Number of protein chains: 2
Amino acid sequence: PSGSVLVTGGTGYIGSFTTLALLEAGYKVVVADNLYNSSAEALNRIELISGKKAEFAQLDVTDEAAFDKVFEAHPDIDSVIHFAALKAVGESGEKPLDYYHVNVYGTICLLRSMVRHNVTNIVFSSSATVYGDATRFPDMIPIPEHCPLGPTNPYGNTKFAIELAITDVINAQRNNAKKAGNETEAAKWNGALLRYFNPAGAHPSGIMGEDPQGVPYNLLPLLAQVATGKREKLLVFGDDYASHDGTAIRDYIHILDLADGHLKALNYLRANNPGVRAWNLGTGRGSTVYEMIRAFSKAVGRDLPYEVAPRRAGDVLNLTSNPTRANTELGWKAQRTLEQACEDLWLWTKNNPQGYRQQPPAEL
Amino acid sequence: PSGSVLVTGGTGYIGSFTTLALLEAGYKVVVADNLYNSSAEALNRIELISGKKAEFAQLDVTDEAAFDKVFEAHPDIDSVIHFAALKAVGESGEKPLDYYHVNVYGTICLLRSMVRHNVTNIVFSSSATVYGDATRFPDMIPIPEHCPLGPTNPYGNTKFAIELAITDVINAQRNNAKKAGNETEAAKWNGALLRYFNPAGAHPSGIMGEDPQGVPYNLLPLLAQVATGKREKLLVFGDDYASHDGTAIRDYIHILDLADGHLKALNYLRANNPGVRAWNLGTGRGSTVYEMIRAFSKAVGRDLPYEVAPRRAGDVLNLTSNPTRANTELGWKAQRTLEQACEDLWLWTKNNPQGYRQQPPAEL
Ligand SMILES: NC(=O)c1ccc[n+]([C@@H]2O[C@H](COP(=O)([O-])OP(=O)(O)OC[C@H]3O[C@@H](n4cnc5c(N)ncnc54)[C@H](O)[C@@H]3O)[C@@H](O)[C@H]2O)c1
Ligand SMILES: NC(=O)c1ccc[n+]([C@@H]2O[C@H](COP(=O)([O-])OP(=O)(O)OC[C@H]3O[C@@H](n4cnc5c(N)ncnc54)[C@H](O)[C@@H]3O)[C@@H](O)[C@H]2O)c1
Ligand SMILES: O=c1ccn([C@@H]2O[C@H](COP(=O)(O)OP(=O)(O)O[C@H]3O[C@H](CO)[C@@H](O)[C@H](O)[C@H]3O)[C@@H](O)[C@H]2O)c(=O)[nH]1
Ligand SMILES: O=c1ccn([C@@H]2O[C@H](COP(=O)(O)OP(=O)(O)O[C@H]3O[C@H](CO)[C@@H](O)[C@H](O)[C@H]3O)[C@@H](O)[C@H]2O)c(=O)[nH]1
């Protein structure tokens, strides 16, 4: 094997494609999830694509004893990728305690169990919401990693709190080893703070994609529901923004390039051993809402109906990425394009309108 | 009774004088502590001074079920003052996980139990370390509340993370009530973020003071050990600072004024109901290390011996407070002075060289 990796979440959206890329790289993957917002079927789809399958452990991330059982059964893990969290921004303003309990405390349980079993590498799933609004700063768009952090929602604060925790915990392990004159043990402890932006698309085979629980709230999944008949139309949130057409700007990156960025980051940790460092995982291409509706409509064939609604509270003007650091240091670049994401997203939705609770059509 | 209050910590340094001021105000106090860094004897000293005694509950703050038992036995609490935490800055760089588990997660358990039992007011014990170094900002000294936060140690990050949690949790309770057209229920939820600076001194009766576990590390307690014979001398950390004599600057506030600030804040919450707001609890008077050694030496009689050592890592130049907000809004001002603190501190140490594990001399 080319190494072992524990993947919390794993059965989730970004988690599934990440474990897929890991197995195809030759890694041994153990997936940890309580299946709150995903299905275990995603693993079966991985086996059909890669030929390899990951071991599955069903446990709550807030259960510290459960993390111990995993490391005791797999003492060769050495590195963990952390996806397990709650990601609904609006919901975080309704019940932030559940977010602080799952995201923050869940990470605490992980780190404690990590130190206890001597797994020294962690790759955290941070968001771009930690930057908040970047228009209050001159020449801060596109957004670099050295941008001062300041979230505007409880979800962002959880991610921001974890980043501070990851830095402190890991640096302590390194500094305590340096004090004891053990530079060897110090170099082993590393952390990758990957700040995702806006993910989109699915697998080109059309057998794997995003299948969450509850009602979708993101732009593309809602557009997919319009094009499939579940939704009547789309509600554009604000048309008076400082863009050219009037809609907000985001950085939409393909899920395949997003998941591949973990492989680059994990290698950079096992190589240089820089300790803790953050990286933006975007494309650098800013796209308006109107452009996305048009891009996805072109992928489907017909133009999807929409209606203009007032601005959504907490929505920033621009969230374009400055991925120059990730391109040079990690050697990672967004291969797939924005339009290329709409094509295999629509491929996934058209063939699988009911996600994983159905069996895909005759594919190969 | 003039209200009921749960006081986590309570048996600790700032906690003891706070519960003392609460009982003297007519409040009903239930003290929660695991006695990690304090003794239960402090309560007996309170009974001797105030005549009233607080109910004691021995429990870990990371035990959510224990918090439930308290609220179920005391359904009339309605408000909680949160002191329970780990405060050693240097130690936080050695084992930050224990700090994130006790400070951050302990607060999470409290809030969850608070929402569960409908106690709506919380007064958090924040530190001035959340400001970090304020010299990187023009005209930011003395330090106002609107200073952008940026800690330099894991201990500061825990306090900073909690502040964000307190804001999000409480604002959610208010906003959810507003959405349901219930402005009455929304006004009940409030939070006071009291950012302490540098506490000093003890009770003028000399029967109550600071008696922690382990070895002291703060300036005044170490000076007290020199003047009592336990220490040989004091080690001044750096004499090349940008002050007039060369030593660092801090804001030393008497523990009695510090504890009384909670009464003012608690009243401001039950009155205006502003939701969440931060207040600095200092004097505005900046004092160097040399001035403190001289001030305490004068309180003892003889001049204490000291030796100059290089700078301590993470020590900022200035930490003077800008308490103008606390003076106007809360109607709180530091009555006692700096020199007045050294006098009753030395009174406490001279008569009680072994803290609470001894019986005080014949006092009244
Ligand atoms: N989707 C986005 O636009 C976005 C953007 C930036 C960052 N992220 C972050 O990336 C990560 C993954 O996002 P995603 O889109 O893959 O979402 P997702 O919901 O598909 O993945 C999250 C996974 O966490 C699991 N989980 C939640 N609580 C758990 C618990 N207590 N115990 C065990 N498992 C638990 C869920 O079952 C799910 O599989 C999250 O941390 C999210 O905040 C996502
Ligand atoms: N001392 C300072 O210079 C300073 C300055 C700024 C802020 N503060 C903050 O003020 C608060 C009180 O400080 P203090 O000087 O009174 O220190 P302290 O040690 O006397 O008080 C802390 C109390 O917390 C208790 N405690 C710790 N962990 C616990 C747990 N898991 N369960 C139950 N109880 C637990 C201890 O037993 C102790 O009584 C702390 O939050 C501290 O960070 C102190
Ligand atoms: O029905 C809709 C949905 C969205 N939008 C707009 O489309 C853009 C993108 O919306 P969405 O997909 O919800 O993304 P963001 O609001 O940018 O935030 C998402 O992407 C973040 C990246 O950091 C994640 O952390 C969050 O969990 C996730 O809600 C925004 O400008 C919205 O105003 C609409 O106009 N109409
Ligand atoms: O032996 C000593 C101890 C201290 N100092 C100096 O005295 C000053 C005050 O030291 P100390 O009492 O340790 O206070 P701070 O370093 O300012 O921090 C304390 O006060 C904070 C207020 O926010 C709390 O949060 C921390 O827990 C606590 O360590 C500093 O300039 C030190 O460099 C010395 O020169 N020699």
# chains A, B, ... in the order shown; residues from 1 in each chain; ligands from 1

$ interface_residues --of "chain B" --to "chain A" --cutoff "8 Å" --atoms "only C-alpha atoms" --output "ChimeraX atom specification"
/B:93-97,100-101,105,108,111-112,153-154,157,161,164-165,168-169,172-173,176

$ write_last_selection --atoms "C-alpha atoms" --output "PDB file, in the first residue's frame"
ATOM      1  CA  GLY B  93       1.425  26.071  24.571  1.00  0.00           C
ATOM      2  CA  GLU B  94       2.369  22.702  26.052  1.00  0.00           C
ATOM      3  CA  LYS B  95      -1.062  21.064  26.218  1.00  0.00           C
ATOM      4  CA  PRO B  96      -3.638  23.130  24.256  1.00  0.00           C
ATOM      5  CA  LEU B  97      -6.008  20.156  23.894  1.00  0.00           C
ATOM      6  CA  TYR B 100      -9.829  23.453  24.247  1.00  0.00           C
ATOM      7  CA  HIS B 101     -11.535  20.628  26.138  1.00  0.00           C
ATOM      8  CA  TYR B 105     -16.134  22.385  25.232  1.00  0.00           C
ATOM      9  CA  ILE B 108     -20.553  24.295  25.055  1.00  0.00           C
ATOM     10  CA  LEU B 111     -24.855  26.634  26.928  1.00  0.00           C
ATOM     11  CA  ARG B 112     -26.545  23.397  25.848  1.00  0.00           C
ATOM     12  CA  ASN B 153      -1.398  31.792  22.444  1.00  0.00           C
ATOM     13  CA  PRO B 154      -3.777  28.776  22.633  1.00  0.00           C
ATOM     14  CA  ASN B 157      -7.743  31.383  21.190  1.00  0.00           C
ATOM     15  CA  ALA B 161     -13.531  30.980  20.330  1.00  0.00           C
ATOM     16  CA  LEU B 164     -17.799  33.887  19.108  1.00  0.00           C
ATOM     17  CA  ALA B 165     -19.858  30.990  20.467  1.00  0.00           C
ATOM     18  CA  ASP B 168     -23.898  33.122  17.964  1.00  0.00           C
ATOM     19  CA  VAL B 169     -25.819  31.022  20.504  1.00  0.00           C
ATOM     20  CA  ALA B 172     -29.942  32.748  17.666  1.00  0.00           C
ATOM     21  CA  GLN B 173     -32.276  32.516  20.661  1.00  0.00           C
ATOM     22  CA  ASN B 176     -35.674  32.700  16.501  1.00  0.00           C
TER      23      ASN B 176
END

$ residues_around --residues "region 339-348 of chain B" --least-positions-apart "2" --cutoff "7 Å" --atoms "only C-alpha atoms" --output "ChimeraX atom specification"
/B:200-204,206-209,224,254,295-296,299-300,336-337,350-352

$ residues_near_ligand --ligand "ligand 2" --cutoff "7 Å" --atoms "only C-alpha atoms and all ligand atoms" --output "PyMOL selection string"
chain B and resi 8-15+32-38+59-62+83-87+102+106+125-128+195-199+212

$ write_last_selection --atoms "N, CA and C atoms" --output "CSV table (one decimal), in the first residue's frame"
chain,number,residue,atom,x,y,z
B,8,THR,N,-19.9,29.0,38.0
B,8,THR,CA,-18.9,28.0,37.7
B,8,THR,C,-17.5,28.6,38.2
B,9,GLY,N,-16.6,27.7,38.6
B,9,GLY,CA,-15.4,28.2,39.3
B,9,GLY,C,-15.8,28.5,40.7
B,10,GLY,N,-16.2,29.7,41.0
B,10,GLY,CA,-16.7,30.1,42.3
B,10,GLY,C,-15.7,30.0,43.4
B,11,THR,N,-15.1,28.8,43.5
B,11,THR,CA,-14.1,28.6,44.6
B,11,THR,C,-12.7,29.1,44.2
B,12,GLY,N,-12.6,29.5,43.0
B,12,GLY,CA,-11.3,30.0,42.4
B,12,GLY,C,-11.0,31.5,42.9
B,13,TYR,N,-10.0,32.1,42.3
B,13,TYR,CA,-9.6,33.4,42.7
B,13,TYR,C,-10.7,34.5,42.5
B,14,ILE,N,-10.9,34.8,41.2
B,14,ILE,CA,-11.9,35.8,40.9
B,14,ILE,C,-13.3,35.3,41.2
B,15,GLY,N,-13.5,34.0,41.2
B,15,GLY,CA,-14.8,33.4,41.5
B,15,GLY,C,-15.2,33.6,42.9
B,32,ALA,N,-20.3,26.0,41.3
B,32,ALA,CA,-19.9,24.8,40.7
B,32,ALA,C,-18.4,24.8,40.4
B,33,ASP,N,-17.7,23.8,40.9
B,33,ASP,CA,-16.3,23.6,40.7
B,33,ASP,C,-15.8,22.2,40.9
B,34,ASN,N,-14.8,21.7,40.2
B,34,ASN,CA,-14.2,20.4,40.4
B,34,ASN,C,-13.0,20.5,41.4
B,35,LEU,N,-12.8,21.7,41.8
B,35,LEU,CA,-11.7,22.0,42.8
B,35,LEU,C,-10.3,21.6,42.2
B,36,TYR,N,-10.1,21.9,40.9
B,36,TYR,CA,-8.8,21.6,40.2
B,36,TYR,C,-7.7,22.5,40.7
B,37,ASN,N,-8.1,23.8,40.8
B,37,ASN,CA,-7.1,24.8,41.1
B,37,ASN,C,-7.5,25.7,42.2
B,38,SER,N,-8.3,25.2,43.1
B,38,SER,CA,-8.8,25.9,44.3
B,38,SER,C,-9.3,25.0,45.4
B,59,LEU,N,-18.5,19.3,40.5
B,59,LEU,CA,-18.7,18.7,39.2
B,59,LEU,C,-17.7,19.2,38.2
B,60,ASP,N,-17.4,18.4,37.2
B,60,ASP,CA,-16.6,18.8,36.0
B,60,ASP,C,-17.4,19.6,35.1
B,61,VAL,N,-16.9,20.7,34.5
B,61,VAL,CA,-17.6,21.6,33.6
B,61,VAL,C,-17.8,20.9,32.2
B,62,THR,N,-17.0,19.8,32.0
B,62,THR,CA,-17.2,19.0,30.8
B,62,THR,C,-18.2,17.9,30.9
B,83,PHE,N,-16.7,31.2,35.2
B,83,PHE,CA,-15.3,31.4,35.5
B,83,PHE,C,-14.4,30.1,35.2
B,84,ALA,N,-15.1,28.9,35.2
B,84,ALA,CA,-14.4,27.7,35.1
B,84,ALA,C,-13.5,27.6,33.8
B,85,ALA,N,-12.2,27.6,33.9
B,85,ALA,CA,-11.3,27.5,32.8
B,85,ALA,C,-9.9,27.2,33.3
B,86,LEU,N,-9.0,27.0,32.3
B,86,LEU,CA,-7.5,26.9,32.6
B,86,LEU,C,-6.9,28.2,32.1
B,87,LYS,N,-6.1,28.8,32.9
B,87,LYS,CA,-5.6,30.2,32.7
B,87,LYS,C,-4.1,30.4,32.4
B,102,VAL,N,-11.5,21.9,28.2
B,102,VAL,CA,-12.1,22.5,29.4
B,102,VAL,C,-12.7,23.9,29.1
B,106,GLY,N,-16.3,22.9,27.6
B,106,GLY,CA,-16.9,23.1,28.9
B,106,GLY,C,-18.0,24.2,28.8
B,125,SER,N,-16.1,35.0,31.5
B,125,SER,CA,-14.8,35.5,32.0
B,125,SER,C,-13.8,35.5,30.8
B,126,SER,N,-13.8,36.6,30.0
B,126,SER,CA,-12.9,36.7,28.9
B,126,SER,C,-11.6,37.4,29.4
B,127,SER,N,-10.5,37.3,28.7
B,127,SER,CA,-9.3,37.9,29.1
B,127,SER,C,-8.9,39.0,28.1
B,128,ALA,N,-7.8,39.7,28.4
B,128,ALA,CA,-7.4,40.8,27.6
B,128,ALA,C,-6.4,40.3,26.6
B,195,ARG,N,-13.9,41.3,29.6
B,195,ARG,CA,-12.5,41.0,29.3
B,195,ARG,C,-11.6,41.5,30.4
B,196,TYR,N,-11.3,40.6,31.4
B,196,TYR,CA,-10.4,41.0,32.5
B,196,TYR,C,-9.0,41.4,32.0
B,197,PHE,N,-8.3,42.2,32.8
B,197,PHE,CA,-6.9,42.5,32.5
B,197,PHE,C,-6.1,41.8,33.6
B,198,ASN,N,-5.4,42.6,34.4
B,198,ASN,CA,-4.5,42.0,35.4
B,198,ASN,C,-5.0,42.2,36.8
B,199,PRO,N,-5.6,41.1,37.4
B,199,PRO,CA,-6.1,41.2,38.8
B,199,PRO,C,-5.0,41.2,39.8
B,212,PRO,N,-4.0,28.9,45.0
B,212,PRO,CA,-4.1,27.9,43.9
B,212,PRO,C,-3.3,26.7,44.1

$ residues_around --residues "region 228-236 of chain A" --least-positions-apart "5" --cutoff "10 Å" --atoms "only C-alpha atoms" --output "count of residues only"
22

$ atom_distance --atom1 "CA of residue 116 (chain B)" --atom2 "atom 31 (N, counted along the ligand's line) of ligand 1"
19.7 Å

$ select_by_dssp --residues "region 79-212 of chain A" --states "strand (DSSP E)" --output "PDB file with C-alpha atoms, in the first residue's frame"
ATOM      1  CA  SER A  79      -2.983  10.365   8.762  1.00  0.00           C
ATOM      2  CA  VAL A  80      -6.586  11.611   8.882  1.00  0.00           C
ATOM      3  CA  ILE A  81      -8.709  13.699   6.499  1.00  0.00           C
ATOM      4  CA  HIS A  82     -11.493  15.570   8.294  1.00  0.00           C
ATOM      5  CA  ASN A 121      -1.030  14.199   9.945  1.00  0.00           C
ATOM      6  CA  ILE A 122      -4.405  15.899   9.524  1.00  0.00           C
ATOM      7  CA  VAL A 123      -6.074  17.533   6.520  1.00  0.00           C
ATOM      8  CA  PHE A 124      -8.942  19.781   7.597  1.00  0.00           C
ATOM      9  CA  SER A 125     -11.901  20.785   5.435  1.00  0.00           C
ATOM     10  CA  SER A 126     -12.068  24.548   5.937  1.00  0.00           C
ATOM     11  CA  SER A 127     -14.370  26.876   4.005  1.00  0.00           C
ATOM     12  CA  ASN A 190       1.709  18.271  10.194  1.00  0.00           C
ATOM     13  CA  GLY A 191      -1.592  19.895   9.249  1.00  0.00           C
ATOM     14  CA  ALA A 192      -3.222  21.011   6.011  1.00  0.00           C
ATOM     15  CA  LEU A 193      -5.911  23.690   6.217  1.00  0.00           C
ATOM     16  CA  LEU A 194      -7.691  23.413   2.865  1.00  0.00           C
ATOM     17  CA  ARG A 195     -10.147  26.288   2.437  1.00  0.00           C
ATOM     18  CA  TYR A 196     -12.700  25.077  -0.111  1.00  0.00           C
ATOM     19  CA  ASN A 198     -17.731  26.492  -4.257  1.00  0.00           C
ATOM     20  CA  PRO A 199     -17.804  22.814  -5.344  1.00  0.00           C
ATOM     21  CA  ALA A 200     -19.886  21.612  -8.300  1.00  0.00           C
TER      22      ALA A 200
END

$ closest_residue --among "A:58, A:318, A:335, A:44" --to "ligand 1" --atoms "only C-alpha atoms and all ligand atoms"
A:58

$ atom_distance --atom1 "CA of residue 188 (chain A)" --atom2 "CA of residue 120 (chain A)"
6.0 Å

$ closest_residue --among "A:282, A:181, A:214, A:1" --to "ligand 3" --atoms "only C-alpha atoms and all ligand atoms"
A:282

$ closest_residue --among "B:359, B:328, B:113, B:218" --to "ligand 4" --atoms "only C-alpha atoms and all ligand atoms"
B:218
